[PDB]
Every structure is written in C-alpha cells, then in structure tokens.
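[1] Sequence first, structure after; it's an experimental one.
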Amino acid sequence: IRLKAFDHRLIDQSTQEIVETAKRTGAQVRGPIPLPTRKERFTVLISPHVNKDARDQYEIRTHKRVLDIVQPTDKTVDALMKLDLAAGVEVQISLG
Amino acid sequence: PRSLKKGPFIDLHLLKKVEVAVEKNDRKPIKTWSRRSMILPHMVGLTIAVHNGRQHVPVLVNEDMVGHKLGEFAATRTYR
Amino acid sequence: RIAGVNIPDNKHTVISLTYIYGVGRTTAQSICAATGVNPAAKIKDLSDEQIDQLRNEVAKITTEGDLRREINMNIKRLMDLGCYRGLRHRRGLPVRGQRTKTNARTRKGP
Amino acid sequence: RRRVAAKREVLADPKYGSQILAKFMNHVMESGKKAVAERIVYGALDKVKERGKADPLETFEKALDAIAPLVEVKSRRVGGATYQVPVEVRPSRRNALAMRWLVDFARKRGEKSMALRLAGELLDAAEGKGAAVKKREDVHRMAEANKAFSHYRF
Amino acid sequence: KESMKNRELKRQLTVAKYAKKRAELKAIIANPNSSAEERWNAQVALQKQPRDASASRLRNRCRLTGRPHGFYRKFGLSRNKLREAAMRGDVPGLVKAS
Amino acid sequence: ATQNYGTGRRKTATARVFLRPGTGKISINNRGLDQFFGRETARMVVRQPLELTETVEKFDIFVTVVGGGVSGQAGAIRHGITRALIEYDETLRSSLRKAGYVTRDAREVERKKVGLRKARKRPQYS
RNA sequence: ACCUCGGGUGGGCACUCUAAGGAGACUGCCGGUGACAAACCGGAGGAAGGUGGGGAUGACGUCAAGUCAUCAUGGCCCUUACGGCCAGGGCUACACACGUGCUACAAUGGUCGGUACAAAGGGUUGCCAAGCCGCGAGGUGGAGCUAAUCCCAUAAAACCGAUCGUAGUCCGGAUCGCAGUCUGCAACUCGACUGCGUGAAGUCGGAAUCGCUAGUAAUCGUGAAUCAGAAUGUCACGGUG
Ligand SMILES: [Mg+2]
Ligand SMILES: [Mg+2]
C-alpha cells in the first residue's frame, strides 16, 4: 500500500484510520514505513518592472507513506476507501 | 551543418520555376524571396533576383558558386 | 633542408617534429607510430638511416612553403566572388560570426 | 568595537612531532592545497639534513630568531601631522612576522626545483646573509630616526 | 494584446490537427535502411504543408495573462500572476520555506 | 558480550566502528589502514584517541564508514571510536573531555543567499 | 547458515538511514564583582553556555523614486487604420569610451599511465541502458522504468609512477583554413559541439578601488529552472580548507 498527499496532518493521520480499521478485522498489518520526501524549490521574481535582487522562494512538499499487510483475507478496506480518502490523499494499492 | 544523411536542400516552388524555366532558356531574371536554398549544377549560369530585404538584386551564377547559398550574395546592412 | 626546415636538438622526437609546420601534435604521434621511431630518445641519439622514413611522411601531408600558398587561394576564392564570408574578409572584420560592436580587437589591433 | 575575538588552535604534526612547523605550514598553503604544501616543507626540510648534520628543526629554530624583529614603526597620525611611532612588538606577534617574511622572499628566489628556494632561505638565516635578515635590520634602522617621536605626540 | 492571443490560439489547432502524417514523414527519413527515392518524395510532402504545424512555431504563453516571458510548466501561470494566486491559499501544497 | 558499537559523524560522514578484544587488528571496509587513507597525516589521527588511552595493542577494530569526504571520514572515525571507548566506564571520561575529543564538530557548510554569489561574497560595485 | 563469494540468498529488526512524535539550555548551578539590582567577569557539568549557527519576519515614514509595456482604471487621441493578415530584413551593424565576468601569464606547475572518497536534483508525451559500429562528437539497438527498485551518472581537486628543466616554453589558447555529426520545414546574414592544421596578445598588470572575521575567504566539480536546439549568467548542493 502506498500513500501520497501534501501535508503530514492528513497522511500520517489517515494511516491510523487504516491500521486500526484493518487489524480489527483479524488480518495482521505491520507498522507503516516512511519514505524520502519530494522537495521542489521555486525561486520567483517579485517586482513587476525590474529590480532583480528582490526575490522570493517557495517549496512544495509531497509526503509518502507505505503500509504492509501480512495475511490478505479482508475486503473490508476495499469498501472503506471512500472513508479513508478524505481530501487530498491518494492511495495506490499494494496488498502484499 | 546539414549533415550528409539529408544531403541536398532546394525549395519546391523554386524548382518548378527553374527546371521548367530551363526548357525556355535565359530571357528573364528570376525574382524570388527565398534565401534558404543552395544553388545546384542544374542551375549554372542563371539570373536570380534575390530579395535584399527591401528590394531585389541580380545574381550572376557561375560554376564555382555551387556549395554556398544565396544568402552570401545579397546584402543586409550598409555601413557606408 | 634538414626535414624541410631546421629541427632543434636535445629534445624528444614528437616535440622536434612539431616545428615542421603542417604537422601538429596528434599527427606527429602517428608518424613515430607508423615508422617506429621512439619519441623517448632524443634526436641526437637517433640514426642517420631512418630519417628518410620521417622524410617520407613529410612528402605526404603538406609543406609550409606551399601550405601558405594554397590556403591563400582559399582566401582568394572567397574575396573575388564577393560572397559575404569574403566580403568582410577583404576589410578586416571577424568572419565566423563573433560580436563586432566591442572586443574584437585581435583583428583590428590596438 | 566590543571585544569579541576568542582563540582557535591548530597543533598537528604527526610525522615529525613538532608544533611550530605546523603553524609554519599554514603560511605556505594556497587555497587549501595542504597535501601539496606538506611535501614541500618536508621537501625543504630534508635538504637541510642533507646539507647540515644537525637536526633541521634547530636550523629552523635559529632561522626564526634572526628574521624576527624587536621594534617597529606605527603611523598614528595626530590629525594634522603624519607621525610614525616606534613600538615594541608584542611577543605573540613576533613569530608570524618572520614566517611571513620568509615565504615571500622564497617566491622571488628565482631558482628551479621550488623546495630548493625555501632550502636556501633557512640556510642563510643561521648566518645572517639572507634577504630576510637584510629586510629585518633595515626596519630596525628606521626606528632610531623615528625615536624622537617615541612618547611625545605619540 | 487580445488580437495576439487569438492568432496564437489557432496555431495550437493546426499543430494538433495534422500531427500524425509528420510523424510518418519523419519515420521514413530517420531509417538508415530507407531508400532515398522513398526519402526524396517524402521531402515533398513536408514543405507543401503549411509551416505552422511544427512544435517550434508553438510558443507556450501564460494561460490567464498572455505574457511570453516568465512561464513555468509545472503551472500554467506567469511569473507575476503566480504570486498573487499563491498568497490567497489557492495553489495546494505550496508554502514558503528555508 | 565484549563487542562495542561506536558511531561518529563529522562533515556529512558516518562511521560504524566496532570494538572488541584482539591484537592490533585494524581493518576498515575490508582494507588495511595504511592502504585506505592514501598519503596523509590522518593515518595517525585515527590513532590519537587510542594511544592517549593506552589501549593501542589490546583491541580488534572493525570500521565501516560511508559518505563524506576524504579527510572527513578520518574525523568521523576519531569521533566514532571515542564513543566506543566510553562504553566501559567514566575513568577515561576526564581523559577525553579535557582532550577535546568527545564533542561533535558542529561546523557545517552554509547555503548560497540571493544577491550574493558565495555564502558571503558579493559582487563588486563602484 | 547459505553461497557461484555479489546482502547473492535464506534470514535478522542490532544498526546506519528515513520521518513522525518527544525530552535538552533556563545565567540553571559554583565563586567573585554591582546599590547585591538589574547585570558583568570567571567555574563545574554537558552533544551544545550565555540571543548554539543559519533562514523567513523589515515599525511611523521618506525620495510626486520606478512601472499606463504584467494586469486594473480616470481622461485624451486613432477607428478605410496609430487597427488586422503574410512573406523576407532587423534587434546579434561598429574608429571608439565605461560597467560587471571568465580564463591565463606557469615548475605549490604541464602531460601520460594507473587508482580513492560526495551531496542534491530530474525522468511513462520522457530517461533512453547492455550489445554494437565510429579518430571523436555520435549512429544503431531496444531493455528497464512510473520510481529509496530502472536510467540520468563517469564527481573533480587529492594520492602513485613517469617524463617536462622555468624557454614566449611539451606556457597560453584568440584568430583562421579544411572536414564532420545533432536539432529543426529551414544553421547565408545568425546556433552548438567534433576532427585536423595554424598559432597571436599576454613574463602578475599606473593613479586609483572593492569583497570578507570561520567550515569564512580561496580553489575543484555536480544539478535544476527557462528549453526543438543554445550559459563564462541566475538559483542550488557538496569536496579540500
Ligand atoms: Mg567603534
Ligand atoms: Mg535546454
């Protein structure tokens, strides 16, 4: 299982929404593993007509997060996907 | 430049206004705005009116002009 | 006369062949490879035998007394046709398409 | 100008077991080329052991103390007349004045085989005929013409 | 201008219109096993198309503003409309950092 | 057991240092110590906390170091082995706090700032 | 344990690493100093000691500072053209003067042959491997790949051996002749690189004048944005110090 979102106050708060709501149904799912983080810097110029040394630089992040089942016997999380997706979490399934 | 896989270059409308204009021989200059094309041994001795940018200038085609394009014989900038 | 020109002494062979004016540095590394002369020895330590084989190679590339003659006609062909590459080459401007407004001083002097 | 400046220390010379030589090695390094400058200082160290039978540290110990000066001028302007004042060189400062004079005259020695340039500098200053020793004593002579300005408008 | 966005709108149509023959005409030429007689008549079909079909004639301008310089392709915005739209929390996942 | 784990980081390096009783076995990344660090003074700097605590002959030393620079890995071992020597007791604690070996050197590289060219160098005006 | 000796494999959750959540530092404690009061100077412990280092954060205002050509708008003019459309040319012209920037002027170097260690980042309209043919830039070839997996991708300086003997040079590389490949409908004015040849000025640079207090100056590489193609600039990350 792999998860992609934009802020750690969603994506690392929806794993407990999956770890609790799958281990309850009997199957063993281990602890989630972090991945390296995408970081993209964007330095943009700020003045309309030119004055070059005034700048401003941003950064867009992307948090990744990987789950790991042990015994696949539950289609419970397959129906509870619209619940576990909330606003900006994308879940590609790797049911190991 | 223009590597030998893609060997020659000439323009299409220029070719029919020359190859047919060989069959009725040199009694007129050829007024053409194109400058991207070379000259060829199918064209030795003609009269071309190459576009300066604001007029056409005549060209006396010789046998030893073959590799160079038409752009080296029209002017651009004066500097008197 | 020695090999077309005079050749210095107390030097290695590839450095000594460089002054023949029509052979650079990569070309003189082939001539000692094709003939068999060791560059690691000096030109003093060589034999007066195999220099003809060095002189054979000079009779196969060019000679500076005629290299400068023929390269002038390459310039001279560009001038008398009145092409743009020979148009500025008559005057003294740069040729390859450098910048002219400033800094092109090695074709105009001080 | 609040007084701020603390002290950082470099003391490392394992292949010879020295301390003055490591600080001298930093005055030879250019742009962080330490391993290049390390073998030149040893390269001009063994030529002295090749030349003199004594341990060449003591040749270097003697060559410092005939380039190192005692007093020097200090152009403190009164604000309406440019004066110069001969001042006592602080004991901490007087090491680095010789080591900085020594290297700059080695570079204009004009020999071949660069470690031989610095080799001849450390041989002369155990005697006194070096250009660093001649540059030392000339500034010593500048102080006594300046000695009238020692305390008075100083 | 407004008349200048409009003339570079229809360039995007004419590139995406043909878009398949020019792949084939450049598939013929690029083969070393291709015959030059099959290449020379393939040269004829390129130059008799209208020249506003190549991607090099296309110019990616800003979609809301139209300014040519200062365009990014991880957005669709200009250099100076991107700032005003990001301070209002619109662009998701985008913050300042150090 | 007697295996002792030691880590140490300096200038973006990281060294796993294992320490156990042996006879002078100094091996790093399956290489000898004189072979690994080619022609530098830091061949002895890795021994400097070891010969200070008079244990140069009494241990096996197994070192695995990653990342960093050439002379930055040698500093990682020197910081790394001092943490491995103080797993025993605090008898050699005062012998190393006074020696200035235990503190990790915090001096890391600084980022390029806008307007400037280097971290602090700026172009010339007139 | 296994191995074919590659964490290759079974395996392990010790670790490094990754990223979440926490503790730690407050002049806290010791001494002196002050009105013993703010504070100050020393001291112990400690990974860190006196706002630990860096970054974002710039008050009331100034210069009718800059921008009507990013956009928005008051007014004023054009509306058979001061608006539209399409070819070629142009902004890259060129006795000169000023601003920043790169190489150099050599022996702490120059070549040749081996050999050692990085971070950070981009890639399913793309990366484009192995093999393969080319003096070389490359051409075939098509894998793997939607990314801690695959590719970009070989870090360079350092080290080791050799020659080079300080000569306008085995220094320097401008100019220029000739021959090639790549993108693009198209390299003439006007692209970038490759081969071969030629080899300049330059022997550390007046009056003057600027940058910097520590992982800093100085020096060596790498990547990204824009982008069919095209960086000595801009932004960004590390070595040695
Ligand atoms: Mg002051
Ligand atoms: Mg590009």
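    Here it is on my side, so go on. Numbering: from 1, shown residues only, chains lettered A, B, ... in the order given. Ligands and ions are numbered 1, 2, ... in the order given.
[2] In what element of secondary structure is the residue in chain F that chain D sits nearest to found?
    Going by CB to the nearest CB, chain D is nearest to residue F:44 of chain F, at 3.8 Å. Where C-beta positions appear, they are placed from N, C-alpha and C, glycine not excepted. If you go by DSSP states H and E, residue F:44 is part of helix F:42-45.
[3] just checking, what packs against that helix?
    helix F:70-85 (3 or more CB pairs under 8 Å, 6 or more residues apart in numbering or on different chains; DSSP states H and E).
[4] list the buried ones in the helix it packs on?
    F:71-85 (16 or more other CB atoms under 10 Å in any protein chain shown).
[5] cool, and stretch F:48-56?
    Those would be F:48-50, F:52-53, for stretch F:48-56 by 16+ other CB under 10 Å.
[6] Repeat that for stretch F:31-51.
    F:33, F:36-37, F:40-50.
[7] sorry, back to before: may I see the buried residues of stretch F:48-56 organised as JSON lines, with secondary structure added?
    Listed next are these as JSON lines, based on DSSP: H, G, I helix; E, B strand; the rest coil:
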{"residue": "F:48", "secondary structure": "helix"}
{"residue": "F:49", "secondary structure": "helix"}
{"residue": "F:50", "secondary structure": "helix"}
{"residue": "F:52", "secondary structure": "helix"}
{"residue": "F:53", "secondary structure": "coil"}
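[8] tell me, which of the residues you listed make contact with chain D?
    residue F:48 (CB under 8 Å from any CB of the partner chain).
[9] which of the buried residues of stretch F:48-56 lies closest to residue D:120?
    residue F:48 (35.0 Å; CB to CB).
[10] distance of the closest one from residue D:38?
    18 Å (CB to CB, to the nearest Å).
[11] number of nearby residues for the closest residue to RNA strand G within chain D?
    Using CB to the nearest atom of the strand, the closest approach of chain D to RNA strand G is made by residue D:32 at 2.9 Å. Residue D:32 is flanked by 8 other residues according to other CB atoms under 10 Å in any protein chain shown.
[12] Secondary structure element holding residue F:6?
    strand F:4-8.
[13] other SSEs contacting that strand?
    Strand F:4-8 packs on strand F:13-21, helix F:70-85, going by 3+ CB pairs under 8 Å, 6+ apart.
[14] what does it rub up against?
    F:14-20, F:76-85, F:87-88, F:104 (CB atoms under 8 Å, 6 or more residues apart in numbering or on different chains).
[15] Spell out which parts of chain B neighbour chain E.
    Close to chain E, as judged by CB under 8 Å from any CB, chain B has residues B:6, B:11-12.
[16] Repeat the analysis, applying 6 Å as the threshold.
    Residues of chain B lying close to chain E by CB under 6 Å from any CB of the partner chain are residue B:12.
[17] where exactly do the strands run in chain B?
    B:30-32, B:47-51, B:56-60 (DSSP state E).
[18] Residue B:18 is nearest to which of those?
    strand B:30-32 (6.9 Å).
[19] Okay, buried residues for the closest one please.
    Per 16+ other CB under 10 Å, strand B:30-32 contains these buried residues: B:30, B:32.
[20] ok now it, how far from the chain's centre?
    Remark: strand B:30-32 is offset 8 Å from the chain centroid, using CA atoms, centre = their mean, to the nearest Å.
[21] Name the residues that touch that strand?
    B:48-49, B:56 (CB atoms under 6 Å, 6 or more residues apart in numbering or on different chains).
[22] Which part of chain D gets nearest to chain A, residue-wise?
    For chain D, CB to the nearest CB, closest residue to chain A: residue D:31, 28.6 Å.
[23] From residue D:90, how far off is that residue?
    In terms of CB to CB, residue D:31 sits 29 Å off from residue D:90.
[24] and chain B, which of its residues are near RNA strand G?
    B:1-6, B:9, B:33-36, B:51, B:53-54, B:68-69, B:71-72, B:74, B:76-77, B:79 (CB under 7 Å from any atom of the strand).
[25] Derive a PyMOL selection command for the buried subset of the residues you listed.
    In PyMOL, a selection of the buried entries from those looks like this (16+ other CB under 10 Å):
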select buried, chain B and resi 68+72+74
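[26] Look at the nearest residue in space to residue C:64 that is not next to it in sequence and say how many residues are nearby.
    Computed as CB to CB, 6 or more residues apart in numbering or on different chains, the closest residue to residue C:64 that is not its neighbour in sequence is residue C:21, at 3.6 Å. Residues near residue C:21, counting by other CB under 10 Å, number 14.
[27] next one: residue A:53
    9.
[28] picking up where we left off before, closest to residue C:57 out of the buried residues of stretch F:31-51?
    Residue C:57 has its nearest neighbour among these in residue F:40, at 48.2 Å by CB to CB.
[29] Dihedrals phi and psi, that closest one?
    phi -150, psi 170 (degrees, to the nearest 10).
[30] so how far is chain C from the residue in chain F that chain B sits nearest to?
    Closest residue of chain F to chain B, CB to the nearest CB: residue F:126 (33.7 Å). For residue F:126, the distance to chain C equals 19 Å [CB to the nearest CB, to the nearest Å].
[31] Pick out the residue closest to the middle of chain B.
    residue B:70 (4.9 Å; CA atoms, centre = their mean).
[32] Next one: that one relative to residue D:80, how far apart?
    79 Å.
[33] Helices of chain B, start to end?
    B:12-23 (DSSP state H).
[34] Could you do chain A as well?
    A:8-11, A:16-23, A:76-79, A:81-84.
[35] And chain C, by the same measure?
    Going by DSSP H, chain C shows helices at C:13-16, C:27-35, C:51-58, C:64-80, C:84-91.
[36] Reformat those as a markdown table; add mean neighbour count.
    Listed next are these as a markdown table, based on neighbours: other CB atoms under 10 Å in any protein chain shown:
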| stretch | mean neighbour count |
| --- | --- |
| helix C:13-16 | 18 |
| helix C:27-35 | 15 |
| helix C:51-58 | 15 |
| helix C:64-80 | 12 |
| helix C:84-91 | 15 |
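[37] Return only those of the buried residues of stretch F:48-56 found close to RNA strand G.
    Of the buried residues of stretch F:48-56, not one also sits near RNA strand G (CB under 7 Å from any atom of the strand).
[38] Closest one to residue F:120 out of the buried residues of stretch F:48-56, please.
    residue F:48 (32.7 Å).
[39] Where does chain D get nearest to chain F, which residue?
    Closest point on chain D to chain F, by CB to the nearest CB, is residue D:14, at 3.8 Å.
[40] Now do the end-to-end distance for stretch A:68-83.
    Stretch A:68-83 has an end-to-end distance of 19 Å (CA to CA, to the nearest Å).
[41] Are that stretch and RNA strand G in contact anywhere?
    No: Stretch A:68-83 lies out of reach of RNA strand G by CB under 7 Å from any atom of the strand, never closer than 10.6 Å.
[42] Now find how far off-centre that stretch is within its chain.
    Counting by CA atoms, centre = their mean, stretch A:68-83 comes out at 17 Å from the chain centroid.
[43] Check stretch D:56-67 too.
    10 Å.
[44] cool, and stretch B:13-33?
    10 Å.
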